[PDB]
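We did not get these values from a lab; they are worked out from the coordinates using the rules stated. Neighbour counts run over all protein chains shown; Cβ positions are idealised from the backbone, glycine included.
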Amino acid sequence: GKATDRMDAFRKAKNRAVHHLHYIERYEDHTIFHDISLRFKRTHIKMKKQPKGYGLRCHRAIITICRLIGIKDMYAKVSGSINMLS
Amino acid sequence: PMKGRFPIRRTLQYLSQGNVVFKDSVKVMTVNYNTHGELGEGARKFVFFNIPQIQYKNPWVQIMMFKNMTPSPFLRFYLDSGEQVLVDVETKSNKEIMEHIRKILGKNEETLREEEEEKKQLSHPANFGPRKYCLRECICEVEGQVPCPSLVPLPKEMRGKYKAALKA
Amino acid sequence: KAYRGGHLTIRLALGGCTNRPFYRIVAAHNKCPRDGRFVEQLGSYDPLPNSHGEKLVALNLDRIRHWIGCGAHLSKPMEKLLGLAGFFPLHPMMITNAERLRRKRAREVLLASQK
Amino acid sequence: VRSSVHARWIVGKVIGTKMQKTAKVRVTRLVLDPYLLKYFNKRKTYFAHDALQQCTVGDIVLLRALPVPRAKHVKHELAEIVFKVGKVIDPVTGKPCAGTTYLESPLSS
Amino acid sequence: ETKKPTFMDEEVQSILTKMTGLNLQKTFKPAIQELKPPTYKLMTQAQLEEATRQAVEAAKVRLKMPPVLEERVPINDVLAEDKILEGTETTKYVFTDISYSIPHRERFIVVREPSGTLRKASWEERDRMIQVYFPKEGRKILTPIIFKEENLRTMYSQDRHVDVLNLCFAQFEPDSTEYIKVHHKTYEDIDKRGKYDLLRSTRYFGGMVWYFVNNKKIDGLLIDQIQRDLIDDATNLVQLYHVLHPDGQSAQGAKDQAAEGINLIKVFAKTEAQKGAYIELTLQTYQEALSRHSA
RNA sequence: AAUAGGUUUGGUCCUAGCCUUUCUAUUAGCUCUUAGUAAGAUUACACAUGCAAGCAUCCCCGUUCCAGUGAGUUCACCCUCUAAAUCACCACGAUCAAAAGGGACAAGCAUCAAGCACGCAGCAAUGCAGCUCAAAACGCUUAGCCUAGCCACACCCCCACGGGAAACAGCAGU
Ligand code: FES
Ligand SMILES: [Mg+2]
Ligand SMILES: [Mg+2]
Ligand SMILES: [Mg+2]
Ligand SMILES: [Mg+2]
Ligand SMILES: [Mg+2]
Ligand SMILES: [Mg+2]
Ligand SMILES: [Mg+2]
C-alpha cells in the first residue's frame, strides 16, 4: 500500500492483501512438506522442514509470515540481497 | 552450489561409504582404462566414483591411472611380496569391480571388527583424565564420592587451613 | 623426551583439587614428572571416604601384572595398596606401623589407668 | 625383507635417463584436498638404480625399495618395466598394442 | 526323571511370545526425545510389505524377554583375616579389578575392613563399584528414590508400570533383590487393578505371566484374555499352568476328561480357579457372544 | 561470517565496504560484603639477599632428574636398525628409548625465479655432467607446537676447548 499518509497506506495494504491470498500447504499443520531452496531475483531463500517443537529459526520477516500462515516449525536461511519485498 | 558433476563425491559421507579396505599386502593399484568404448564404461565409472572411496579407506595404497594405453581396461595390484594381480574389468560394471576387488584383496568384515575391537580396548571407562581421552576427569564427578571443592566447599575439619590452626 | 637412565615405575600421580586428593595409579618413567606423561594408567585411588565410608581403589590387575613382568618397579604407597588388596604380602612397614600404634595405644591406656 | 626405505613398491613414469645406471622416475599419488575433498595427483621424484640402463624416458616402471640406500638420493631399484613406451604389451591378452588398437589380433593364436 | 520346565525353554518361550502378542504401534510408540526431520521413501506394495516385515523382526528383537533368575545368594566369604591391621585404618578399603576383558560377574571386588578382614565384596557393593568404574547408561550408583513404595504407588496411579519396569531393569541386576521385589510389586499391582494390557506387546509380559503361573493366581489374566477375545491365549495359559503344575487338581481333571480348548478353561474354573464362578460366567458370556455372532 | 540489523541516493534495485548485535582475554575509569576453587611479571633486559641436593659405615649413587622460559625453530609423528636403562645376575627376551637411515610435517611474501655444485657410476683409480625448481627450488619476514603433553634454550659467541664476562628463563623478591 502506497499513500501520502501512513494510516492510508496501512489501510490500503491490509485491505488489498486479502484479495491476494495464497493457500500455503502445511505438513501436519506445523511445517512445510519438504526443503525448499529457491532464488527470487537476487534473494536466495533456503527453507528446511523441521520436526515439532523446533520452532521458527527463520528471518524475522519469515517468522512473521510463518506465524500468519500457521507454520510452527521451520528453519530458513536468506542469502544474497536481503530485500524485504523480494 | 557445490561445483562439478556429482558433488556428493566431494563429501566425507560418500568417501566413508567405501567397503574396500585392501589387505596389508597391496601397495600399488594401476587402473588402466579407456576413455571411450562401451565395454570400458563401467571401468570409467569405477574411476569416476569408486577410486576416491578406495583411496580414502586405503590412504597409503598408491593408485595410478592410465588412459588409452591398452585396448581393454584392467586393474593391476602390486603386492608387498612382489606378486601381481590382474583383474580384467571389461564388460563389468563398477559395482561388480568393487565387489570383485573386495573379495580377492579386501579385508573381510571379521578383520575390520577385530581391528575396531582392538581400538576400542584402548579407551578404558575406568580411566580418569582429560575429556579428549577419558569419560571423566576426577573421581569427584562420581556420585556418592566427595564432590569438588569448587562446587561444594569442604568441611572445615577436612581443610588443612584449619587443621594447622587447630594443631598449632 | 629422552632421559638418561631411569625405569618404569607404578606410582600414584596426585590429582584432584586443593584439600581433595585423588591419586591415579600409572606406569611411567621415574624421571618423568609426577603428574606428567605416563606410559599407561593402571587404576585409581580416592583417599577420601565416600558416603558409604569407603576408600575406593581400582586396580587394573592384568596390566599391573603385565608391567611388573615388563620390569616396572613399585613405589612404597603402591606396594602398601597392593598389600592391603591382598595382591602382595603386607608390607613390613604396614605391620611395623601397626605394632608401633599398638604400643602407643597400650602406653596411653597404661598412663590413663595409672592416673 | 626388512628395509630402511619407507616406500617399498612404487609405480611411476621415467622422466630422466641422463645419469649413469640411474633412472629419474616421477611417482604420482592421489592426495585428498582437506577443503575441497577432491583427490589430486601429487608427484615426487625418485631415483631407480637401472643396472642394465634399459629405462627409456616415458615408460611406466615399477620400483622396489633397496634394503639400504646406495647413494644420497638412490633408494629404489627398477623391479620391472611395466609399460615400455611405444611397445605396450596388453597384459590381458599378451598381444602388442599401439594405444587402443591391437597391432596383432588376439585371434592370431 | 521328569524336570519341570524353565523360563527359557523353547515351548515356554513360544507360549509366552504368543501370549505377549506384537503391536508395532505400541512397540514403536513415538519416543519423546531429540527429534530430527523424518526421511521419506517411495515404495511399492512389495517394498512396503518388506519394510513392515523388517519392522516386525526388529520389534521381535526389541521384545526379547529378559530371563527370570532366582534371587542371588548373599556373598559372605573372607579371603584373609589379618589381625595385625586391626584398628590401624578407620575406613575400609574397596579394591576393584578393572581389567577390561573380564565379565562383570567374574571381577574380583574385595574389601579390607578396619578389622583387617579382606573379604569378597557384597552384591550391592559389587554393583556399586561396577557402576562407578564401568558406568552403564540408565543406571545410578545411589538407588533412585523412585523405587520407594510411595513413588511406586504414584507411578502406578498414572499407569506407568512399563516405565517402572524399565527403570528397575536399568538400575538393578536381573537377580537383584530389589529388581525381584519391584517386578513382583508391579505384577501384583497389575493383577489387583486388572492392568494386564499395559504389559502386552512388551518384553515384560512373559515375566508377568510366569510370576502369575508360579504363584497360581492366573485368574485375573485369564479373565482379561477371555474378555478381550484372546481365547487362544487363554487356552495356552491354561496349558502352561497345567504343564507347570502336573500334580494338580486341574491337570488331573484335564487328563481324565481329555479336555481341550475351552473345556480346559472350564476344568480350571471348576478345579483350581479361586474365581471359578466368575471365570465360568465370563466364559459363558463369551460363548453367548460367539453364538450370537454365528447366528 | 547469522534468523540478521544500520549505513551510499531526491528515491528504487543490485554489488560492495564499514559498523552493530554475541562470546572470550588483557588493560584503563568508576565501584566493591563474605566463603570455596581455579588462574596469575609485559619483557631471553640486569639482579641485592635467603633458600632450592643430598644420602650413606667411607666406595659408589644422585646433583644429567624435578623446577623454569618461549629466545630460537618444519630435532616432536610413523617405519628400519640398534646404543644406554629396568626386569638381581644371562634374560639367550620383554619394556623403554638415543644416534643413524627413509617418509611426513607452520604462516605471509614470486616486487624472493632462478639455486650455483646443490648429482650419478665405479672396489678403487677415476668417468659421466648432472641435481632442485612456477605442482614454488633458493631466499626474506613472522611464530614455540599437532597440549594426558611435546620441541627448543639454559647469560652471549647456534656449539663452548676457548673467549666475552661473572649470569635467579628454580622459589620468594627487586
Ligand atoms: S576436578 Fe575432581 S575434585 Fe576438582
Ligand atoms: Mg616474546
Ligand atoms: Mg616493490
Ligand atoms: Mg619468537
Ligand atoms: Mg638472565
Ligand atoms: Mg649456549
Ligand atoms: Mg623468580
Ligand atoms: Mg618492579
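Separation between the E:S101 and B:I104 pseudo-spin-labels, each 7 Å from Cα along Cα→Cβ, expressed in nm?
Once both label points are built, they end up 3.5 nm from each other.
Can you give the average number of partner chain beta-carbon atoms within 10 Å of each beta-carbon in peptide D:87-96, as a whole number?
Average per residue, whole number: 4.
All other residues with a Cβ under 15 Å from the Cβ of D:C55 taken together, and with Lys, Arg as +1 and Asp, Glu as -1, what is their net charge?
Neighbour charge sum, excluding D:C55 itself: +4.
Can you order the peptides E:135-141, B:47-53 by their average number of other Cβ atoms within 10 Å per residue, highest first? List each step's numbers first, then the result.
Values: E:135-141: 13.4, B:47-53: 18.4.
For the peptides E:135-141, B:47-53, the packing ranking is B:47-53, E:135-141.
For peptide C:14-25, what's the mean number of Cβ atoms from other chains within 10 Å of each residue's Cβ?
On the way: counts 0, 6, 8, 7, 6, 11, 13, 1, 8, 1, 6, 1.
Per residue, the average neighbour count from other chains is 6.
Quick query: amide H of B:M64 versus all other amide H atoms, modeled in the peptide plane; which residues come in under 5 Å with a sequence gap of 5 or more or a different chain?
B:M29, B:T30, B:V31
How many percent of Cα pairs in chain E exceed 27 Å?
Working: 24533 of 43365 pairs.
When all Cα pairs of chain E are counted, 57 percent exceed 27 Å.
Among E:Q274, E:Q25, E:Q252, determine the one that fluctuates most according to a GNM of chain E built with springs between C-alpha atoms less than 10 Å apart.
Result: E:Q25 has the largest fluctuation of those listed.
So, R0 is 51 Å and r is the distance between the beta-carbons of E:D163 and B:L112; what FRET efficiency does that work out to, to 0.05?
E(calc), rounded to 0.05, equals 0.85.
Along the stretch C:2-10, what does the Karplus equation 6.51 cos²θ - 1.76 cosθ + 1.60 (θ = phi - 60°) give for ³J(HN,Hα), rounded to whole Hz, x for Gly and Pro?
Each residue's phi maps through the Karplus curve to give 6, 10, 7, x, x, 6, 5, 9, 9 Hz.
Can you pull the mean other chain C-beta count within 10 Å for peptide B:134-145?
6
Give the distance, in whole Å, between the Cα centre of the stretch C:53-115 and the Cα centre of the stretch D:1-49.
62
Calculate, in whole percent, how much of the Cα-Cα pair population of chain B lies beyond 20 Å. Don't skip to the answer; put the middle values down first.
Details: 9345 of 14028 pairs.
The calculated P(r) of chain B puts 67 percent of pairs beyond 20 Å.
Pairs to check: B:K57/D:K42; E:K36/E:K140; E:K18/E:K270; D:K44/D:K87; E:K18/E:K60; B:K23/D:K84. Give those whose C-alpha atoms are more than 20 Å from each other in this structure.
In this structure, E:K36/E:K140; E:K18/E:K270; D:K44/D:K87; B:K23/D:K84 exceed 20 Å between Cα atoms.
Compute the separation of the alpha-carbon centres of the stretch A:27-86 and the stretch B:99-145 and state it in Å as a whole number.
Result: 41 Å between the Cα centres.
What's the Kirkwood radius of the protein assembly as shown in Å, using all Cα pairs?
35.6
Considering only the other residues whose Cβ falls under 15 Å of the Cβ of C:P49, what net charge follows from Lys and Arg at +1 and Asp and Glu at -1?
Residues close to C:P49 contribute a combined charge of -2.
Given +1 on the Cβ of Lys and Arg, -1 on the Cβ of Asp and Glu, and no further charges, what dipole in debye does chain C carry about its Cα centre, rounded to the nearest 20?
Values: 20 positive and 8 negative charges, 105 e Å.
Using only the charged Cβ atoms, the result is roughly 500 debye.
Suppose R0 equals 41 Å. What FRET efficiency, 1/(1 + (r/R0)^6) with r the Cβ-Cβ distance, do B:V152 and A:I63 give to the nearest 0.05?
Computed FRET efficiency for B:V152 and A:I63 comes out at 0.45.
With chain C treated as a Gaussian network of Cα nodes joined by springs under 10 Å, which of C:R24, C:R103, C:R34 yields the largest mean-square fluctuation?
The residue that fluctuates most here is C:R103.
With a sphere of radius 14 Å drawn around the Cβ of B:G82, what net charge do the other residues whose Cβ falls strictly inside it have (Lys, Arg +1; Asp, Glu -1)?
Surrounding charge for B:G82 is 0.
Kindly provide log₁₀ I(q)/I(0) values, in the same order as q = 0.10, 0.13 Å⁻¹, from the Debye equation applied to equal alpha-carbon scatterers of the stretch B:74-168.
Taking Cα atoms of the stretch B:74-168 as identical point scatterers yields -0.60, -0.74.
With r as the distance between the Cβ atoms of D:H6 and A:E25 and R0 = 41 Å, compute the FRET efficiency 1/(1 + (r/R0)^6) and round to 0.05.
So the FRET efficiency works out to roughly 0.10.
Out of every Cα-Cα pair in chain D, what percent are more than 21 Å apart?
Values: 2763 of 5886 pairs.
Of the Cα pairs, 47 percent sit more than 21 Å apart.
Return P(r) of chain C (all Cα-Cα pairs; 5 Å bins starting at 0; whole %; ordered from short to long distances).
Result, from short to long distances: 2, 10, 17, 18, 16, 13, 9, 6, 4, 3, 2, 1, 0 percent.
I want the antiparallel fraction of DSSP beta bridges within the stretch B:1-164, as a percent rounded to 5.
Within the stretch B:1-164, antiparallel bridges account for around 65 percent of the total.
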